[PDB]
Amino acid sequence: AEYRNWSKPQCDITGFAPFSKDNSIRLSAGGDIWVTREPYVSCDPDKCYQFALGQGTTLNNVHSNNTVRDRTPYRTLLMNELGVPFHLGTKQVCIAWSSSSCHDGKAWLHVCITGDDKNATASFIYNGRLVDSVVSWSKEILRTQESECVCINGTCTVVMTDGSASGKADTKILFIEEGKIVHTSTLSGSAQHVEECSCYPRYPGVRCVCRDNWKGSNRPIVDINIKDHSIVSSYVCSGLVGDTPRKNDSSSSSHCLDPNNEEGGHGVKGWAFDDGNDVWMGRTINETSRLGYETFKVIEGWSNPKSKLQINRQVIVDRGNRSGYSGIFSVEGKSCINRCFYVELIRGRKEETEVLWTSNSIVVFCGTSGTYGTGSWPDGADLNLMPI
């Protein structure tokens, strides 16, 4: 067993093909399924796994009431093989109301964060054992990616944030080798607010596309150099923007270096990646809320902040159905690295009031150099019928 290097060029993408769907919430109307959120997908050399943060409870269960909250002591990182819904035999791999996970080609890394809001602890677990931890540095909700970290030659990188949600915060980028925090670089460059990055291996380094919760509706970009720990940062040029909330297609604008100050308060976790000078990206179809989900390629979208020339649109979830967080993950094909993505289908409170709980199901698509058609893959649960 050797360390992953990801030293392959990126596969040709013409769009995305269906990969996986757990129908979690549909199943939880007759069956004992976890109540969860902030899910993600990472894979080892052999196969793929689905992670989410649990609420220390199942759905048909009295403790599902008020699971609209983001941080409780009862939240754990859940881990199943992709396709297995989160049943009672699901492994809680750590305590976490915030996490990131990745395989370096030998073993698993989990970055797990739990504890008081003003004094969170984050634990680094490698190969089934605790190897390190770190305190919250700025004592205001130390949090991280809510999707996969990335490892290269057995140095793993993760991006974490401690500080304000709607002002300046303190973002750091850790380098972890066999569970051991070996360097901490601090956030540098033109990125102003940075959360919940969706990172991927762009050999010989790592690239993330994040969430600015403060002044931007364009997504931040952070570039991690694995060998020398240097950091550069910016935003996704593309005049069509991926955060939510945002302005409309005609009224929106962006900058390659700055927040665009366009509805920038708040955000949603999301992803994009480059392709020469083009950008592939998903986002919620609806501009103000987490409804629907779409993907497309912005031509010149990576290097030109004026371009709003989208091609290869795909409706992942239709505009009248509920969506949420999404993030990248990358799978080594035989010649090249594929890029894929998951979509959190949030059901329940506060937006839907027919029940007392908040939970999700997931959907997953992978890059394809072949061809594809159309559809919609919503949650599919009937909340009017659900465990009353």
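Residue numbers run from 1 along the displayed sequence.
Relative to its counterpart among 305 to 313 and 86 to 94, 305 to 313 has the higher mean temperature factor, C-alpha atoms as listed in the PDB entry. Averaged over Cα atoms, the B-factor as recorded in the entry is higher for 245 to 253 than for the other of 245 to 253 and 158 to 166. Comparing C-alpha B-factors across 55, 330, 65, 361 in the deposited entry, the largest value falls on 65. Reading the B-factor column for the CA atoms of 148, 196, 81, 262 in the entry, the top value corresponds to 262. Residue 375: CA B factor in the middle third of modelled residues in this chain (values from the PDB entry).
Among all modelled residues in this chain, the alpha-carbon of residue 267 has a temperature factor (C-alpha) in the middle third.
The entry lists a Cα temperature factor for residue 366 that places it in the lowest third of the chain's modelled residues. Among the modelled residues of its chain, residue 20 has a C-alpha B-factor that falls in the lowest third according to the deposited record.
Per-chain ranking of the deposited C-alpha B factor places residue 30 in the middle third.
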